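Structure assessment
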Amino acid sequence: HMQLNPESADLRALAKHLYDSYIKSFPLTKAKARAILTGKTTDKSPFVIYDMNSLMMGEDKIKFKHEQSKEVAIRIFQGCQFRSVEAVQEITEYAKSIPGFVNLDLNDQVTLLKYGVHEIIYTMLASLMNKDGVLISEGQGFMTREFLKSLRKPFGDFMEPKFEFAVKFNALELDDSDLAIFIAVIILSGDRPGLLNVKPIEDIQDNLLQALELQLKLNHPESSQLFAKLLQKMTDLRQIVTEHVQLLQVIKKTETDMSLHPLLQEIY
Amino acid sequence: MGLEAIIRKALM
Ligand SMILES: Cc1c(C)n(Cc2ccc(Cl)c(O[C@@H](C)C(=O)O)c2)c2ccc(C(=O)N[C@@H](C)c3ccc(C(C)(C)C)cc3)cc12
């Protein structure tokens, strides 16, 4: 017996607040990405990189956000890192809007974002993916999954776990209103190492969990246990992350150091 | 380290 009572309306207001803030913080939404990927937008059709000849044309004529490395695999990887550094800033801006978050101890805010940004990056990356590939340069290009897989070792396997995650995750058909609450749940995780004060984090999480549950009930009439399934994904996501980390160390051991993002070069 | 400096600045 669900009712539309004061408590439920406050959880809906919380969900809308998050949605609005998510729209502000993340320019390329899932709705806008799906419209591009399904050819149901009036916006500019992206350039497709599906082989090396199209990569060269893409970098040349179109100019993609990726002394540059002479090798394609390294330019791609470095581009992904750079974009992820920008993603940290977007995610931090979003975290400031979660009610209660900025009233936490600053060191705990930091620690929550430090351990949560990689999970949120991979969650939101799925929005830009379909079975064929991923949107790049804010939707101006599209790079195929099979092209990414064809990069020389160790870069050929770099995106594959993200695509594998995405196929299954996208099958749940979450929308941006669902995702805004989900990513707030991930940020307010009380089990991150090195947290000072866990209960206030858990109290914010509990309210966000309530809001997610209700959002999912109202928005997904045909998946009665979607809440549980999403919590299971958060359990998963930690593995894309645990395995990115292993991959990175192989990369940093065996490849030339690549350029630092300007923001870091500036920080030191 | 850098990750942490990125975040602190963004929060400020
Ligand atoms: C955010 C993002 C986008 C939009 N794509 C697609 C994508 C494909 C191909 C090209 Cl070429 C590309 O190109 C850039 C230029 C662009 O088009 O936007 C973009 C990603 C692919 C991989 C990762 C990732 O695996 N990211 C790792 C490497 C990491 C994660 C977290 C961190 C810190 C938290 C430490 C900051 C650092 C590195 C992130 C992204």
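The notes below deal with the structure included here. (Residues numbered from 1 in each chain as written, not as in the entry; some residues may be left out. Chains lettered and ligands numbered in written order. Heavy atoms only, no water.)

**A few points about the pattern of salt bridges**
Residue and element names in this part refer to chain A. The test is simple: Should a side-chain nitrogen of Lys or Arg be within 4 Å of a carboxyl oxygen of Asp or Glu, the pair is scored as a salt bridge. Helix and strand definitions follow DSSP, with helices as H or I runs of at least four residues and strands as E runs of at least two, each counted in order from the N terminus. Think of it in three bands: residues with accessible area under 20% of the maximum for their type are buried, residues over 50% are exposed, and the middle band is partly exposed, with areas taken using a 1.4 Å probe on protein chains only.
Applying the stated criterion across every chain, the model contains 17 salt bridges over all chains. Here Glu-160 and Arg-145 are joined by a salt bridge, their closest N and O atoms 2.8 Å apart. Of this pair, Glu-160 sits in helix α7 (residues 160-170) while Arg-145 sits in helix α6 (residues 145-149), and the two are 15 residues apart along the sequence. Each member of the pair, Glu-160 together with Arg-145, is buried. Here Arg-152 and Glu-255 are joined by a salt bridge, their closest N and O atoms 2.8 Å apart. In this pair, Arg-152 sits in the loop between α6 and α7 while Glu-255 sits in the loop between α10 (226-254) and α11 (262-267), placing the two residues 103 residues apart along the sequence. The class of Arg-152 is partly exposed, set by a relative accessible area of 31%. It is possible to trace a salt-bridge network through shared partners that takes in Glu-119, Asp-191, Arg-192 and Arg-238.

**Quick notes on the pairing of strand β3 (residues 133-136) of chain A**
A regular strand places its side chains on the two faces of the sheet in alternate fashion. All names here are of chain A. Keep this limit in mind: Pairing between strands requires that DSSP locate at least two bridges from one strand to the other.
For strand β2 (residues 129-130) and β3, the ladder comprises two bridges, and the chain directions are antiparallel. Residue pairing in the sheet places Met-129 in a bridge with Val-134 of β3. Turn length for the β2-β3 hairpin, with the two strands adjacent in sequence and antiparallel, is two residues. Pairing analysis gives four bridges linking β3 to strand β4 (residues 141-144), with the strands arranged antiparallel. Looking at β4, one finds that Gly-133 is bridged to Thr-144. Count of turn residues in the β3/β4 antiparallel hairpin: four residues, of which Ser-137 carries a positive phi of about 50°.

Interpretation note: all reported values are geometric properties and have no functional meaning in isolation.
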